[PDB]
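Report on the structure given below.
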Amino acid sequence: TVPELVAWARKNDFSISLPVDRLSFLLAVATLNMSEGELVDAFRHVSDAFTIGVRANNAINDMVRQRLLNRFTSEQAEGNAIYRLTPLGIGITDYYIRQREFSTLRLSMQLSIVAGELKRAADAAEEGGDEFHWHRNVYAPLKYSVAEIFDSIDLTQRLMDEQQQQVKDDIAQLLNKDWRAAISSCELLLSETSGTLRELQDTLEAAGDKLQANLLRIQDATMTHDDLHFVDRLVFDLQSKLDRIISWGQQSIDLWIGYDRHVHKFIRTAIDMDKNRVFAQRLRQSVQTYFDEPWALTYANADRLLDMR
Amino acid sequence: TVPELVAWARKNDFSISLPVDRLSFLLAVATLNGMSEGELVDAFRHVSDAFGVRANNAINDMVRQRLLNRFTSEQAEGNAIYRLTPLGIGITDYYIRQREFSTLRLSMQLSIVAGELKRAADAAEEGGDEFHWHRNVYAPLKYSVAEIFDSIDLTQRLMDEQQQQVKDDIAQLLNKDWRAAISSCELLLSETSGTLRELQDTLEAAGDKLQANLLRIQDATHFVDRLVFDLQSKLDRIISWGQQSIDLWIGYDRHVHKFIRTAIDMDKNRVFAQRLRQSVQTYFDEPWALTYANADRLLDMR
Amino acid sequence: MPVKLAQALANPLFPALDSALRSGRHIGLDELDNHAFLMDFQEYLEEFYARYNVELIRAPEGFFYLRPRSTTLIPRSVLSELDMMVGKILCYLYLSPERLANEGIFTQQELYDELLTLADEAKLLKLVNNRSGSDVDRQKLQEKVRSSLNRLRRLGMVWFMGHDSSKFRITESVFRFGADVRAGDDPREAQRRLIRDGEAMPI
Amino acid sequence: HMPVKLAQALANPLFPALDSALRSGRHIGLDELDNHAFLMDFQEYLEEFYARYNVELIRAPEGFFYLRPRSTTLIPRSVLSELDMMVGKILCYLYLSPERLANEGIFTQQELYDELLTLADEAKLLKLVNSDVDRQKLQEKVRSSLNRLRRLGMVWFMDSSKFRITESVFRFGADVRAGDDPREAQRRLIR
Amino acid sequence: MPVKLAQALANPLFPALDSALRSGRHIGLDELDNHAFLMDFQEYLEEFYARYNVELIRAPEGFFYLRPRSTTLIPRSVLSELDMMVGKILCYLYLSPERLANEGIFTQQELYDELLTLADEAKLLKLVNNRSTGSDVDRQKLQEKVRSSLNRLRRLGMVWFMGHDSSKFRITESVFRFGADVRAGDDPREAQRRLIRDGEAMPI
Amino acid sequence: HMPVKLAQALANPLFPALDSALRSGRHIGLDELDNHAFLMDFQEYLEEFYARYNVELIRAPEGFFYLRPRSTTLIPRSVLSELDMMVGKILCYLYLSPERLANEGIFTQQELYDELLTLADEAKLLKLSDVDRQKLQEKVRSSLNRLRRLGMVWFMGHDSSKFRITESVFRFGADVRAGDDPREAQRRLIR
């Protein structure tokens, strides 16, 4: 299983090669998105923004081997073929294009939608029924609505994470520009994202138990019937996903409090004492200049006590 | 704008370099996700083995390529932790994930959308302060409905992956069993035709309903109308490529029957093919030319 | 004169088709109106062409074409070895699984590739220039395969797609390139019979 | 439908080889007797026949027949080189001259050449080949124009050294103005 | 003897701290027990040490150390130029925004990198081996030496390691001492002749 | 709380200086008077003061003080080479020989070296050739110094040529059986 999948990978030579160029190309193709001719017009604007025909059919071909790009041959069409994007082209394109989704309103709406889907799934899990009653009433809205919305909340987190890392980097370069100047700013960016990271986690825990509880009624109802292994495996996996989410969501907070604390400390030590940043610059000058006139610090160093053997 | 984006792209050097190693590793990582720095190193160990300085090379460049988000944690083993980014998530997902398509799934989605869009239309009319306008009208459009629409665009683009599959399966089936595989391939064909049919029946089913509530909103509405338009366009683009795919699939159906009739029904032992090739190399040993009626064209003046 | 023949000379296709036939166009399942025409009147049109000393032939694989007799009124011409290869390979690809993915449509590149695979790249160049691995010569071989491919379009082997020459179908007619082989036999005996029946000629 | 005499024409023993030669751009003169007369006989009919293929069967005033392709011709169409037409135009100037009535029908490749360097401009003549080496190419190129033209019913060889010129050559003849000496008009067309 | 001095000598802390102090340990806010101790009993602990001909110093940045004197009873030692580079840098890191993502923790590498950045890779080598050019083996001795001098500067209380290994560490205000020559905005020569007189430094 | 006689000891002039030397491993023997008497006067409290560093202020039977570091010692520790200890044991053999009463306490580097090559085996000595024999005397010569900073000996006048042995050297002394020649036991301990 665990080594074996890796054995599955090198078997199909799945490789995704997207240096700055192919990538910029995919992003363009995504900006207009169609057909093969259009695809080649695109590859024109791209090759040009930097042998067009052959490098274009080359690009296109390693697009369809790597399953970035699905293809259907349509003769009715300019070039005699048409090209959509596979889920993969989409995810990759999405990442660099899609706007941030940070809105507590959005997470509110999503959790409401899951509340419903889950509740219904449960009522209908405990009201019994044929195979149909379960694949339609329980199983679908779990596999199809609920777990997908969970993966969407999981995304909202892992995006939120990348926003953190941005704010860290912003604070870095802001102190690196304006030194004791940039304090107010780095104290906004710091107390703002400690606010966001609070609400997103208040909501999750708030609607956290309700969801779990209903996930349970269902699990509960699975208990009486022996045919329902699929609804069992799913409800478990589903519970896990919710935990993994609330855990990490509580945890990103403790890590961000670490960060925040230690940035107040930087301010108190590194800046509050050298307010014009002078000391540092002069430190540098003294680091390159050292060997012109060297000197060494002195330190108390006692004679060790000699013992025997 | 159009050419300008590219110029944003060469400015930050965004590059996804994923040979079979870096990707198999990413795949191990997303297998363990369902973490910290040592964990990453153990992972890379299992990676290099399946084939330490190379572990830190990998990890480093995995963060430069923004596949990976990283945080300094003290208590943590190695003083670092690693989560996949929305990006890492996407790539890993496509492979590691079972994307199993069902019509049920599509309907399920459609329902939710008819609900949110009804709520959003009714509420849309009854008039409001800009809470009743942002919370009840706009937000369900931007957040709920559009989102699920891209869930339907995803679901479709997955179905596509299935078709392309059906085509390879038919190609190697034929390539191996020759005249045998016929019934099988006629089955794969008939079936994916049915599958595409239902997908369409359902899309059209809820197509005009969603369009018409979208319309009630359009009338009773700027940023909200520019939303409604694009949702309209995405519902049209969707239904559109949705029929187009039926037609194109028949364009496979028909032609594959023409391959059976043409290329197979007429050489069963697939002897003719071999012989033909042996003859292609052996050609210049004893050369021959075909003949044709070649009339004289009618010469004219000027 | 037979009532039916007169009926076919008076059909709105006949003339165009005739000029086509007389020019060497092998008429496949691909042209419905034409093929159904030659089907319906086949017996008679057989005779009408007979009159010019040429036989109207239907290969077993369903297509039609005019085979010049030993005596024909309508002059007869013979393909070059290069046209032959390119044809044989047109057939190969007609019979390949490689076609199933293409949906009936090939490209100049493909053909050229398959061709350098199977063929002897070294003598295949001897065609272009009497003695040459030269890079200019490798373009000429390409221009020539292009040409031979055009010709074989006139001949009814190949349908070109759209307004360009890059993308093209293939047709049953192409089987004709394998007759030396198609009845399992010595190649040498079958050639000797193909020369007899005026299917072919020696080079 | 198709008419009785028409069928009767198409069944004539002559029809096939003639059909071939008409469609080849040949002109059927009086030097082909069986054919000529065959053709006169059935003209009303063959005329329409060939109309189906979008071509007009035509009889020149001087009384010879040829196939003239419409724009929409269903019959492959080619065209003569500038040099073909020059040569044809000159075989007309020769057919007219007294020289022909003396020689008793017969000319030599030579005279065909000479009258070409004479009644036309040597400049464009040689220009079309590319000099002593280009002159031979011109000579051989004329010889092969002669040929395209024999095939057209414009000449008969007597060996290709000597040849007869037909009335069909009046195709290359100028606009005669109603009793102007054809000579003048013809070297005007050549110029 | 004054009451408070004695009361100082009695705290359970003293013997060990005192030992450290006499082996040249600088004492940063990072040891609360100790730093606090010195804060409390300073004025007297000062005298106590003065009797050994050594001054007890509180750097302006708040840390304490022993600064042996002209006449000292407790022997005095000096740091190597290499240690001094390692240190100066260490102070730079302490003052850079690099840290801020790092949450205070740096690496054997981060140090070594910033070092060859800001220093003269060439002379920096001329320390390790008196004449060697571009060498590779000689670029390991520069690392090992640079590890050694980072270890030593740990004894001294400049830098706390992290965990069971030597790979990741962090930095005490104590490093600011490497910046003495420049702390006072001044001609570095002047201020060096100054520190040489006051027992803070020695020429090489 | 702290004793008044300890407080009283700590503020003595001798103390800081002595603190340093004891803690350096030095043995204070009779030859250092102000110090040695000062120690006797305070053993009670000093012995308590140094045990907070988890080290014992110990006074020998022959009456010389020193600080013996415990396992848990809060004072930095170090150790003497196999050589330093051979040297020391030898210095004890000298101190016990009649050669010291004749020489009236005084020895020369040489006599040390000679006594060294005798009672031990020359093999392991060098193991730690004529250049190898000079090294030995340079490292024994260094041993005398390590041992002089420890009060096992004093250098006489302007040089290190001649030196006196202290009573502290008894630390390197073998286990005497009570009524035996400290020589025999002491060369057996050298073997």
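Letters A, B, ... mark the chains of the structure tokens in the order given; residue numbers begin at 1 per chain; ligand numbers begin at 1, in order shown.
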If you take only C-alpha atoms and a cut-off of 12 Å, which residues of stretch 157-179 of chain D touch stretch 77-99 of chain D, and what are their nearest atom pairs and distances in Å to one decimal, in chain and number order, as CSV?
residue,atom,partner,partner_atom,distance
D:163,CA,D:91,CA,10.6
D:164,CA,D:95,CA,9.0
D:165,CA,D:95,CA,6.3
D:166,CA,D:95,CA,7.7
D:167,CA,D:95,CA,8.1
D:168,CA,D:92,CA,9.3
D:169,CA,D:92,CA,5.6
D:170,CA,D:92,CA,6.3
D:171,CA,D:92,CA,8.3
D:172,CA,D:89,CA,4.8
D:173,CA,D:92,CA,6.0
D:174,CA,D:89,CA,8.4
Residues at most 12 Å from stretch 57-60 of chain B, counting only C-alpha atoms, excluding those fewer than 3 positions away in the same chain, as a PDB file with N, CA, C and O atoms, in the first residue's frame?
ATOM      1  N   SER B  17       7.946  22.566 -10.349  1.00  0.00           N
ATOM      2  CA  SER B  17       8.879  21.582 -10.863  1.00  0.00           C
ATOM      3  C   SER B  17       8.631  20.284 -10.132  1.00  0.00           C
ATOM      4  O   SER B  17       9.048  20.100  -8.987  1.00  0.00           O
ATOM      5  N   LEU B  18       7.991  19.359 -10.825  1.00  0.00           N
ATOM      6  CA  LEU B  18       7.534  18.146 -10.180  1.00  0.00           C
ATOM      7  C   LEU B  18       7.866  16.942 -11.036  1.00  0.00           C
ATOM      8  O   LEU B  18       7.007  16.396 -11.736  1.00  0.00           O
ATOM      9  N   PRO B  19       9.134  16.534 -11.000  1.00  0.00           N
ATOM     10  CA  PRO B  19       9.523  15.271 -11.623  1.00  0.00           C
ATOM     11  C   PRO B  19       8.866  14.156 -10.822  1.00  0.00           C
ATOM     12  O   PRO B  19       8.245  14.469  -9.810  1.00  0.00           O
ATOM     13  N   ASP B  21       9.949  12.161  -8.720  1.00  0.00           N
ATOM     14  CA  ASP B  21      10.387  12.102  -7.329  1.00  0.00           C
ATOM     15  C   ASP B  21       9.603  13.103  -6.470  1.00  0.00           C
ATOM     16  O   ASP B  21       8.800  12.689  -5.629  1.00  0.00           O
ATOM     17  N   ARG B  22       9.806  14.402  -6.710  1.00  0.00           N
ATOM     18  CA  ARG B  22       9.164  15.475  -5.930  1.00  0.00           C
ATOM     19  C   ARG B  22       7.651  15.306  -5.791  1.00  0.00           C
ATOM     20  O   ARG B  22       7.061  15.626  -4.748  1.00  0.00           O
ATOM     21  N   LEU B  23       7.031  14.789  -6.844  1.00  0.00           N
ATOM     22  CA  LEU B  23       5.612  14.479  -6.803  1.00  0.00           C
ATOM     23  C   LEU B  23       5.279  13.216  -5.984  1.00  0.00           C
ATOM     24  O   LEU B  23       4.356  13.264  -5.179  1.00  0.00           O
ATOM     25  N   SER B  24       6.002  12.101  -6.176  1.00  0.00           N
ATOM     26  CA  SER B  24       5.756  10.904  -5.344  1.00  0.00           C
ATOM     27  C   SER B  24       5.898  11.236  -3.845  1.00  0.00           C
ATOM     28  O   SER B  24       5.112  10.759  -3.020  1.00  0.00           O
ATOM     29  N   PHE B  25       6.899  12.068  -3.528  1.00  0.00           N
ATOM     30  CA  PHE B  25       7.152  12.605  -2.183  1.00  0.00           C
ATOM     31  C   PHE B  25       5.969  13.433  -1.727  1.00  0.00           C
ATOM     32  O   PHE B  25       5.439  13.212  -0.641  1.00  0.00           O
ATOM     33  N   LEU B  26       5.544  14.381  -2.558  1.00  0.00           N
ATOM     34  CA  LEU B  26       4.370  15.163  -2.206  1.00  0.00           C
ATOM     35  C   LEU B  26       3.221  14.214  -1.908  1.00  0.00           C
ATOM     36  O   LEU B  26       2.406  14.486  -1.032  1.00  0.00           O
ATOM     37  N   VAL B  29       3.542  12.616   1.454  1.00  0.00           N
ATOM     38  CA  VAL B  29       3.168  13.676   2.399  1.00  0.00           C
ATOM     39  C   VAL B  29       1.663  13.844   2.561  1.00  0.00           C
ATOM     40  O   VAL B  29       1.150  14.011   3.679  1.00  0.00           O
ATOM     41  N   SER B  36       5.070  17.675  11.325  1.00  0.00           N
ATOM     42  CA  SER B  36       6.282  18.456  11.652  1.00  0.00           C
ATOM     43  C   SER B  36       7.484  18.109  10.772  1.00  0.00           C
ATOM     44  O   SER B  36       7.384  17.233   9.906  1.00  0.00           O
ATOM     45  N   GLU B  37       8.621  18.772  11.033  1.00  0.00           N
ATOM     46  CA  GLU B  37       9.813  18.748  10.154  1.00  0.00           C
ATOM     47  C   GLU B  37      10.547  17.405  10.106  1.00  0.00           C
ATOM     48  O   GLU B  37      11.024  16.940   9.049  1.00  0.00           O
ATOM     49  N   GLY B  38      10.660  16.795  11.272  1.00  0.00           N
ATOM     50  CA  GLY B  38      11.247  15.481  11.352  1.00  0.00           C
ATOM     51  C   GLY B  38      10.392  14.556  10.533  1.00  0.00           C
ATOM     52  O   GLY B  38      10.904  13.783   9.745  1.00  0.00           O
ATOM     53  N   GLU B  39       9.082  14.649  10.729  1.00  0.00           N
ATOM     54  CA  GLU B  39       8.146  13.845   9.971  1.00  0.00           C
ATOM     55  C   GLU B  39       8.469  13.931   8.490  1.00  0.00           C
ATOM     56  O   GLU B  39       8.499  12.910   7.794  1.00  0.00           O
ATOM     57  N   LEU B  40       8.718  15.157   8.025  1.00  0.00           N
ATOM     58  CA  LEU B  40       9.032  15.433   6.619  1.00  0.00           C
ATOM     59  C   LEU B  40      10.307  14.716   6.193  1.00  0.00           C
ATOM     60  O   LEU B  40      10.394  14.162   5.089  1.00  0.00           O
ATOM     61  N   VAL B  41      11.294  14.744   7.083  1.00  0.00           N
ATOM     62  CA  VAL B  41      12.554  14.076   6.818  1.00  0.00           C
ATOM     63  C   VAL B  41      12.377  12.543   6.755  1.00  0.00           C
ATOM     64  O   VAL B  41      12.982  11.897   5.902  1.00  0.00           O
ATOM     65  N   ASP B  42      11.547  11.973   7.635  1.00  0.00           N
ATOM     66  CA  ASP B  42      11.271  10.529   7.642  1.00  0.00           C
ATOM     67  C   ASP B  42      10.596  10.166   6.347  1.00  0.00           C
ATOM     68  O   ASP B  42      10.896   9.146   5.725  1.00  0.00           O
ATOM     69  N   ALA B  43       9.668  11.025   5.956  1.00  0.00           N
ATOM     70  CA  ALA B  43       8.979  10.880   4.700  1.00  0.00           C
ATOM     71  C   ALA B  43      10.016  10.796   3.597  1.00  0.00           C
ATOM     72  O   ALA B  43      10.109   9.787   2.889  1.00  0.00           O
ATOM     73  N   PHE B  44      10.830  11.840   3.481  1.00  0.00           N
ATOM     74  CA  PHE B  44      11.800  11.909   2.398  1.00  0.00           C
ATOM     75  C   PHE B  44      12.706  10.695   2.428  1.00  0.00           C
ATOM     76  O   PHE B  44      13.197  10.255   1.397  1.00  0.00           O
ATOM     77  N   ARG B  45      12.928  10.167   3.625  1.00  0.00           N
ATOM     78  CA  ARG B  45      13.713   8.961   3.791  1.00  0.00           C
ATOM     79  C   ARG B  45      13.002   7.835   3.050  1.00  0.00           C
ATOM     80  O   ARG B  45      13.591   7.164   2.203  1.00  0.00           O
ATOM     81  N   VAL B  47      11.055   8.044   0.761  1.00  0.00           N
ATOM     82  CA  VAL B  47      11.103   8.412  -0.659  1.00  0.00           C
ATOM     83  C   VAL B  47      12.409   8.003  -1.339  1.00  0.00           C
ATOM     84  O   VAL B  47      12.413   7.178  -2.258  1.00  0.00           O
ATOM     85  N   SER B  48      13.515   8.548  -0.843  1.00  0.00           N
ATOM     86  CA  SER B  48      14.846   8.254  -1.351  1.00  0.00           C
ATOM     87  C   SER B  48      15.068   6.742  -1.371  1.00  0.00           C
ATOM     88  O   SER B  48      15.585   6.190  -2.348  1.00  0.00           O
ATOM     89  N   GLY B  52      19.825  12.785   3.105  1.00  0.00           N
ATOM     90  CA  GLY B  52      19.385  13.731   4.116  1.00  0.00           C
ATOM     91  C   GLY B  52      19.571  15.155   3.630  1.00  0.00           C
ATOM     92  O   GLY B  52      18.756  16.046   3.915  1.00  0.00           O
ATOM     93  N   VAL B  53      20.657  15.372   2.892  1.00  0.00           N
ATOM     94  CA  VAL B  53      20.908  16.667   2.279  1.00  0.00           C
ATOM     95  C   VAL B  53      19.865  16.887   1.188  1.00  0.00           C
ATOM     96  O   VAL B  53      19.359  18.000   1.003  1.00  0.00           O
ATOM     97  N   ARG B  54      19.533  15.806   0.486  1.00  0.00           N
ATOM     98  CA  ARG B  54      18.489  15.828  -0.537  1.00  0.00           C
ATOM     99  C   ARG B  54      17.084  16.011   0.053  1.00  0.00           C
ATOM    100  O   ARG B  54      16.177  16.516  -0.622  1.00  0.00           O
ATOM    101  N   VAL B  63       8.876  24.552  -0.446  1.00  0.00           N
ATOM    102  CA  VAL B  63       8.355  25.863   0.068  1.00  0.00           C
ATOM    103  C   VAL B  63       8.599  27.056  -0.864  1.00  0.00           C
ATOM    104  O   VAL B  63       7.833  28.038  -0.840  1.00  0.00           O
ATOM    105  N   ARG B  64       9.672  26.997  -1.656  1.00  0.00           N
ATOM    106  CA  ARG B  64       9.910  28.088  -2.601  1.00  0.00           C
ATOM    107  C   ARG B  64       8.809  28.085  -3.667  1.00  0.00           C
ATOM    108  O   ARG B  64       8.348  29.147  -4.082  1.00  0.00           O
ATOM    109  N   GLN B  65       8.358  26.888  -4.051  1.00  0.00           N
ATOM    110  CA  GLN B  65       7.356  26.696  -5.098  1.00  0.00           C
ATOM    111  C   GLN B  65       5.940  26.806  -4.537  1.00  0.00           C
ATOM    112  O   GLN B  65       4.959  26.496  -5.212  1.00  0.00           O
ATOM    113  N   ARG B  66       5.866  27.203  -3.273  1.00  0.00           N
ATOM    114  CA  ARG B  66       4.616  27.425  -2.558  1.00  0.00           C
ATOM    115  C   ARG B  66       3.630  26.277  -2.673  1.00  0.00           C
ATOM    116  O   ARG B  66       2.419  26.490  -2.712  1.00  0.00           O
ATOM    117  N   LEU B  67       4.173  25.065  -2.749  1.00  0.00           N
ATOM    118  CA  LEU B  67       3.412  23.841  -2.516  1.00  0.00           C
ATOM    119  C   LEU B  67       3.114  23.634  -1.013  1.00  0.00           C
ATOM    120  O   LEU B  67       2.193  22.851  -0.659  1.00  0.00           O
ATOM    121  N   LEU B  68       3.896  24.324  -0.150  1.00  0.00           N
ATOM    122  CA  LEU B  68       4.012  24.030   1.310  1.00  0.00           C
ATOM    123  C   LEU B  68       4.035  25.252   2.231  1.00  0.00           C
ATOM    124  O   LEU B  68       4.761  26.210   1.981  1.00  0.00           O
ATOM    125  N   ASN B  69       3.266  25.194   3.313  1.00  0.00           N
ATOM    126  CA  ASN B  69       3.224  26.268   4.293  1.00  0.00           C
ATOM    127  C   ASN B  69       3.938  25.796   5.550  1.00  0.00           C
ATOM    128  O   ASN B  69       3.764  24.641   5.978  1.00  0.00           O
ATOM    129  N   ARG B  70       4.750  26.673   6.133  1.00  0.00           N
ATOM    130  CA  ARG B  70       5.640  26.262   7.214  1.00  0.00           C
ATOM    131  C   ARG B  70       5.595  27.229   8.377  1.00  0.00           C
ATOM    132  O   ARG B  70       5.528  28.444   8.184  1.00  0.00           O
ATOM    133  N   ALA B  80       9.939  22.893  13.513  1.00  0.00           N
ATOM    134  CA  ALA B  80       9.197  23.274  12.330  1.00  0.00           C
ATOM    135  C   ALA B  80       8.040  22.314  12.099  1.00  0.00           C
ATOM    136  O   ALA B  80       8.103  21.136  12.463  1.00  0.00           O
ATOM    137  N   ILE B  81       6.975  22.850  11.508  1.00  0.00           N
ATOM    138  CA  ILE B  81       5.838  22.065  11.018  1.00  0.00           C
ATOM    139  C   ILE B  81       5.436  22.400   9.571  1.00  0.00           C
ATOM    140  O   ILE B  81       5.670  23.516   9.063  1.00  0.00           O
ATOM    141  N   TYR B  82       4.821  21.410   8.929  1.00  0.00           N
ATOM    142  CA  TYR B  82       4.507  21.490   7.513  1.00  0.00           C
ATOM    143  C   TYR B  82       3.072  21.064   7.117  1.00  0.00           C
ATOM    144  O   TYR B  82       2.687  19.896   7.286  1.00  0.00           O
ATOM    145  N   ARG B  83       2.300  22.019   6.576  1.00  0.00           N
ATOM    146  CA  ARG B  83       0.962  21.740   6.023  1.00  0.00           C
ATOM    147  C   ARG B  83       1.019  21.958   4.512  1.00  0.00           C
ATOM    148  O   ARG B  83       1.753  22.839   4.068  1.00  0.00           O
ATOM    149  N   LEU B  84       0.269  21.179   3.718  1.00  0.00           N
ATOM    150  CA  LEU B  84       0.200  21.433   2.265  1.00  0.00           C
ATOM    151  C   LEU B  84      -0.619  22.693   2.027  1.00  0.00           C
ATOM    152  O   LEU B  84      -1.520  23.007   2.817  1.00  0.00           O
TER     153      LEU B  84
END
If you count only C-alpha atoms, which residues fall within 9 Å of residue B:178, apart from same-chain ones fewer than 4 positions away, as a PDB file with N, CA, C and O atoms, in the first residue's frame?
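part_10.pdb, freshly written:
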ATOM      1  N   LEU B 173      -8.028  -2.477 -25.412  1.00  0.00           N
ATOM      2  CA  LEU B 173      -8.924  -3.617 -25.625  1.00  0.00           C
ATOM      3  C   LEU B 173      -8.873  -4.135 -27.059  1.00  0.00           C
ATOM      4  O   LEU B 173      -8.651  -5.339 -27.300  1.00  0.00           O
ATOM      5  N   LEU B 174      -9.123  -3.219 -28.002  1.00  0.00           N
ATOM      6  CA  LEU B 174      -9.043  -3.536 -29.428  1.00  0.00           C
ATOM      7  C   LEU B 174      -7.638  -3.991 -29.782  1.00  0.00           C
ATOM      8  O   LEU B 174      -7.455  -5.079 -30.356  1.00  0.00           O
ATOM      9  N   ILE B 182     -14.856  -6.436 -29.342  1.00  0.00           N
ATOM     10  CA  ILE B 182     -15.949  -5.666 -29.938  1.00  0.00           C
ATOM     11  C   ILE B 182     -17.139  -5.456 -29.023  1.00  0.00           C
ATOM     12  O   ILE B 182     -17.543  -4.324 -28.787  1.00  0.00           O
ATOM     13  N   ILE B 264     -11.223  -3.981 -38.988  1.00  0.00           N
ATOM     14  CA  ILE B 264     -11.274  -5.251 -38.282  1.00  0.00           C
ATOM     15  C   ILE B 264     -12.141  -6.245 -39.079  1.00  0.00           C
ATOM     16  O   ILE B 264     -11.662  -7.277 -39.539  1.00  0.00           O
ATOM     17  N   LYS B 268      -9.404 -10.325 -39.947  1.00  0.00           N
ATOM     18  CA  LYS B 268      -9.742 -10.759 -38.607  1.00  0.00           C
ATOM     19  C   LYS B 268      -8.513 -11.217 -37.849  1.00  0.00           C
ATOM     20  O   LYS B 268      -8.308 -10.890 -36.690  1.00  0.00           O
ATOM     21  N   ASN B 269      -7.676 -11.961 -38.541  1.00  0.00           N
ATOM     22  CA  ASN B 269      -6.479 -12.505 -37.940  1.00  0.00           C
ATOM     23  C   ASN B 269      -5.432 -11.438 -37.793  1.00  0.00           C
ATOM     24  O   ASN B 269      -4.363 -11.661 -37.242  1.00  0.00           O
ATOM     25  N   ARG B 270      -5.742 -10.264 -38.306  1.00  0.00           N
ATOM     26  CA  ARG B 270      -4.789  -9.187 -38.250  1.00  0.00           C
ATOM     27  C   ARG B 270      -3.476  -9.698 -38.839  1.00  0.00           C
ATOM     28  O   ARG B 270      -2.390  -9.333 -38.393  1.00  0.00           O
TER      29      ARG B 270
END
What does the distance from atom CA of residue B:175 to atom CA of residue C:97 come to in Å, to one decimal?
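These atoms are spaced 6.0 Å apart.
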DSSP-assigned strand (DSSP E or B) members of stretch 59-182 of chain F, reported as a PyMOL selection string
chain F and resi 59+65-69+77-79+106-108+153-155+162-165
